[PDB]
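Next up, structure28.pdb (PDB, C-alpha atoms):
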```pdb
MODEL        1
ATOM      1  CA  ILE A2624     -59.553  35.623 173.848  1.00  0.00           C
ATOM      2  CA  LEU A2625     -57.616  37.881 176.222  1.00  0.00           C
ATOM      3  CA  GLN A2626     -60.656  40.147 176.609  1.00  0.00           C
ATOM      4  CA  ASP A2627     -62.867  37.136 177.355  1.00  0.00           C
ATOM      5  CA  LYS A2628     -60.406  35.984 180.020  1.00  0.00           C
ATOM      6  CA  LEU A2629     -60.375  39.483 181.524  1.00  0.00           C
ATOM      7  CA  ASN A2630     -64.184  39.565 181.506  1.00  0.00           C
ATOM      8  CA  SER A2631     -64.301  36.191 183.263  1.00  0.00           C
ATOM      9  CA  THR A2632     -61.864  37.487 185.885  1.00  0.00           C
ATOM     10  CA  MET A2633     -63.990  40.613 186.357  1.00  0.00           C
ATOM     11  CA  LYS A2634     -67.119  38.477 186.741  1.00  0.00           C
ATOM     12  CA  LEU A2635     -65.355  36.355 189.361  1.00  0.00           C
ATOM     13  CA  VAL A2636     -64.278  39.511 191.207  1.00  0.00           C
ATOM     14  CA  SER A2637     -67.848  40.833 191.108  1.00  0.00           C
ATOM     15  CA  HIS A2638     -69.169  37.521 192.444  1.00  0.00           C
ATOM     16  CA  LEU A2639     -66.622  37.615 195.273  1.00  0.00           C
ATOM     17  CA  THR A2640     -67.622  41.195 196.106  1.00  0.00           C
ATOM     18  CA  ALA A2641     -71.302  40.217 196.130  1.00  0.00           C
ATOM     19  CA  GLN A2642     -70.553  37.282 198.436  1.00  0.00           C
ATOM     20  CA  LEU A2643     -68.596  39.561 200.775  1.00  0.00           C
ATOM     21  CA  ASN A2644     -71.448  42.084 200.826  1.00  0.00           C
ATOM     22  CA  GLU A2645     -73.961  39.324 201.576  1.00  0.00           C
ATOM     23  CA  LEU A2646     -71.758  38.059 204.411  1.00  0.00           C
ATOM     24  CA  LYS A2647     -71.507  41.584 205.830  1.00  0.00           C
ATOM     25  CA  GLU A2648     -75.293  42.004 205.663  1.00  0.00           C
TER      26      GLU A2648
ATOM     27  CA  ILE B2624     -45.309  31.446 181.259  1.00  0.00           C
ATOM     28  CA  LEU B2625     -47.988  34.126 180.907  1.00  0.00           C
ATOM     29  CA  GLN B2626     -50.558  31.484 179.939  1.00  0.00           C
ATOM     30  CA  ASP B2627     -49.595  29.369 182.955  1.00  0.00           C
ATOM     31  CA  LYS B2628     -50.035  32.393 185.222  1.00  0.00           C
ATOM     32  CA  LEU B2629     -53.436  33.092 183.654  1.00  0.00           C
ATOM     33  CA  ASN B2630     -54.442  29.447 184.125  1.00  0.00           C
ATOM     34  CA  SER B2631     -53.401  29.595 187.784  1.00  0.00           C
ATOM     35  CA  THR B2632     -55.476  32.756 188.231  1.00  0.00           C
ATOM     36  CA  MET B2633     -58.456  31.073 186.558  1.00  0.00           C
ATOM     37  CA  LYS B2634     -58.066  28.038 188.825  1.00  0.00           C
ATOM     38  CA  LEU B2635     -57.995  30.316 191.872  1.00  0.00           C
ATOM     39  CA  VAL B2636     -61.134  32.087 190.634  1.00  0.00           C
ATOM     40  CA  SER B2637     -62.864  28.735 190.108  1.00  0.00           C
ATOM     41  CA  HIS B2638     -61.881  27.616 193.612  1.00  0.00           C
ATOM     42  CA  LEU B2639     -63.255  30.857 195.063  1.00  0.00           C
ATOM     43  CA  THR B2640     -66.506  30.385 193.137  1.00  0.00           C
ATOM     44  CA  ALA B2641     -66.793  26.802 194.393  1.00  0.00           C
ATOM     45  CA  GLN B2642     -66.210  27.964 197.972  1.00  0.00           C
ATOM     46  CA  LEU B2643     -68.875  30.654 197.579  1.00  0.00           C
ATOM     47  CA  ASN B2644     -71.339  28.116 196.171  1.00  0.00           C
ATOM     48  CA  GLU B2645     -70.626  25.729 199.050  1.00  0.00           C
ATOM     49  CA  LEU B2646     -71.172  28.548 201.549  1.00  0.00           C
ATOM     50  CA  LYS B2647     -74.475  29.435 199.874  1.00  0.00           C
ATOM     51  CA  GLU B2648     -75.601  25.793 199.996  1.00  0.00           C
TER      52      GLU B2648
ENDMDL
END
```
Can the structure in the file be given as C-alpha coordinates, please?
Amino acid sequence: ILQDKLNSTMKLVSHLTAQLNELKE
Amino acid sequence: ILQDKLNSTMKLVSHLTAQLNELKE
(Lines of atoms letter the chains of each structure in order from A and count residues from 1; the text may use other names and numbers.)
(Lines give C-alpha, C1' and ligand atoms only; values in the text may rest on other atoms or scores of the structure.)
Protein backbone atom coordinates (compact mmCIF):
# COMPACT_ATOMS: atom_id res chain seq x y z
CA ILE A 1 0.00 0.00 0.00
CA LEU A 2 2.83 2.40 0.85
CA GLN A 3 4.56 1.57 -2.45
CA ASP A 4 1.33 2.19 -4.36
CA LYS A 5 0.95 5.57 -2.65
CA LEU A 6 4.56 6.43 -3.52
CA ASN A 7 3.97 5.37 -7.14
CA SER A 8 0.87 7.57 -7.31
CA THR A 9 2.88 10.50 -5.93
CA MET A 10 5.62 9.86 -8.50
CA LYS A 11 3.03 9.74 -11.29
CA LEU A 12 1.59 13.05 -10.10
CA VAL A 13 5.08 14.57 -10.04
CA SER A 14 5.74 13.30 -13.57
CA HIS A 15 2.44 14.76 -14.77
CA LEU A 16 3.32 18.11 -13.19
CA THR A 17 6.74 18.04 -14.85
CA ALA A 18 5.15 17.24 -18.22
CA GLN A 19 2.69 20.12 -17.79
CA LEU A 20 5.54 22.48 -16.91
CA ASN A 21 7.52 21.35 -19.97
CA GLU A 22 4.47 21.85 -22.20
CA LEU A 23 3.97 25.34 -20.77
CA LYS A 24 7.63 26.17 -21.41
CA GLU A 25 7.35 24.93 -25.01
CA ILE B 1 -0.69 11.54 11.90
CA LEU B 2 1.41 10.04 9.11
CA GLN B 3 -1.73 8.87 7.30
CA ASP B 4 -3.27 12.35 7.62
CA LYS B 5 -0.11 13.88 6.15
CA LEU B 6 -0.21 11.36 3.29
CA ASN B 7 -3.89 12.15 2.68
CA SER B 8 -3.12 15.87 2.58
CA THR B 9 -0.34 15.22 0.07
CA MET B 10 -2.71 13.11 -2.05
CA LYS B 11 -5.33 15.87 -1.93
CA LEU B 12 -2.72 18.40 -3.05
CA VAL B 13 -1.69 16.10 -5.90
CA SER B 14 -5.33 15.69 -6.94
CA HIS B 15 -5.83 19.46 -6.88
CA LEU B 16 -2.72 19.94 -9.04
CA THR B 17 -3.99 17.32 -11.49
CA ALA B 18 -7.39 19.03 -11.65
CA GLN B 19 -5.71 22.39 -12.30
CA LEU B 20 -3.60 20.85 -15.06
CA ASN B 21 -6.68 19.28 -16.65
CA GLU B 22 -8.54 22.60 -16.49
CA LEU B 23 -5.57 24.36 -18.11
CA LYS B 24 -5.49 21.74 -20.88
CA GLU B 25 -9.23 22.15 -21.49
Please produce, as JSON lines, a per-residue contact table for chain A versus chain B (criterion: any atom at most 10 Å away, only C-alpha atoms considered), showing the nearest atom pair and its distance in Å to one decimal, sorted by chain then residue number.
```
{"residue": "A:2625", "atom": "CA", "partner": "B:2629", "partner_atom": "CA", "distance": 9.8}
{"residue": "A:2628", "atom": "CA", "partner": "B:2629", "partner_atom": "CA", "distance": 8.4}
{"residue": "A:2629", "atom": "CA", "partner": "B:2629", "partner_atom": "CA", "distance": 9.7}
{"residue": "A:2631", "atom": "CA", "partner": "B:2633", "partner_atom": "CA", "distance": 8.4}
{"residue": "A:2632", "atom": "CA", "partner": "B:2636", "partner_atom": "CA", "distance": 7.2}
{"residue": "A:2633", "atom": "CA", "partner": "B:2636", "partner_atom": "CA", "distance": 10.0}
{"residue": "A:2634", "atom": "CA", "partner": "B:2636", "partner_atom": "CA", "distance": 9.6}
{"residue": "A:2635", "atom": "CA", "partner": "B:2636", "partner_atom": "CA", "distance": 6.1}
{"residue": "A:2636", "atom": "CA", "partner": "B:2636", "partner_atom": "CA", "distance": 8.1}
{"residue": "A:2638", "atom": "CA", "partner": "B:2640", "partner_atom": "CA", "distance": 7.6}
{"residue": "A:2639", "atom": "CA", "partner": "B:2640", "partner_atom": "CA", "distance": 7.5}
{"residue": "A:2641", "atom": "CA", "partner": "B:2643", "partner_atom": "CA", "distance": 10.0}
{"residue": "A:2642", "atom": "CA", "partner": "B:2643", "partner_atom": "CA", "distance": 6.9}
{"residue": "A:2643", "atom": "CA", "partner": "B:2643", "partner_atom": "CA", "distance": 9.5}
{"residue": "A:2646", "atom": "CA", "partner": "B:2646", "partner_atom": "CA", "distance": 9.9}
```
Post-fit chain A coords, all in-order Cα pairs vs chain B, as a tab-separated table (two decimals) with C-alpha atoms, in the coordinates of the input:
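Printed below is result_26.tsv as written:
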```tsv
chain	number	residue	atom	x	y	z
A	2624	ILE	CA	-45.31	31.45	181.26
A	2625	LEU	CA	-47.99	34.13	180.91
A	2626	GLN	CA	-50.56	31.48	179.94
A	2627	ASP	CA	-49.60	29.37	182.96
A	2628	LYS	CA	-50.04	32.39	185.22
A	2629	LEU	CA	-53.44	33.09	183.65
A	2630	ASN	CA	-54.44	29.45	184.13
A	2631	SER	CA	-53.40	29.59	187.78
A	2632	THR	CA	-55.48	32.76	188.23
A	2633	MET	CA	-58.46	31.07	186.56
A	2634	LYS	CA	-58.07	28.04	188.82
A	2635	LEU	CA	-57.99	30.32	191.87
A	2636	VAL	CA	-61.13	32.09	190.63
A	2637	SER	CA	-62.86	28.74	190.11
A	2638	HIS	CA	-61.88	27.62	193.61
A	2639	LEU	CA	-63.26	30.86	195.06
A	2640	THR	CA	-66.51	30.38	193.14
A	2641	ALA	CA	-66.79	26.80	194.39
A	2642	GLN	CA	-66.21	27.96	197.97
A	2643	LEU	CA	-68.87	30.65	197.58
A	2644	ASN	CA	-71.34	28.12	196.17
A	2645	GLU	CA	-70.63	25.73	199.05
A	2646	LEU	CA	-71.17	28.55	201.55
A	2647	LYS	CA	-74.47	29.43	199.88
A	2648	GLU	CA	-75.60	25.79	200.00
```
Put a box with edges along x, y and z around all the listed atoms of segment 2631-2646 of chain A, pad it by 6 Å on each side, then give me its centre and sizes in Å, one decimal, as lines of an AutoDock Vina configuration file.
```
center_x = -67.9
center_y = 39.1
center_z = 193.8
size_x = 24.1
size_y = 17.9
size_z = 33.1
```
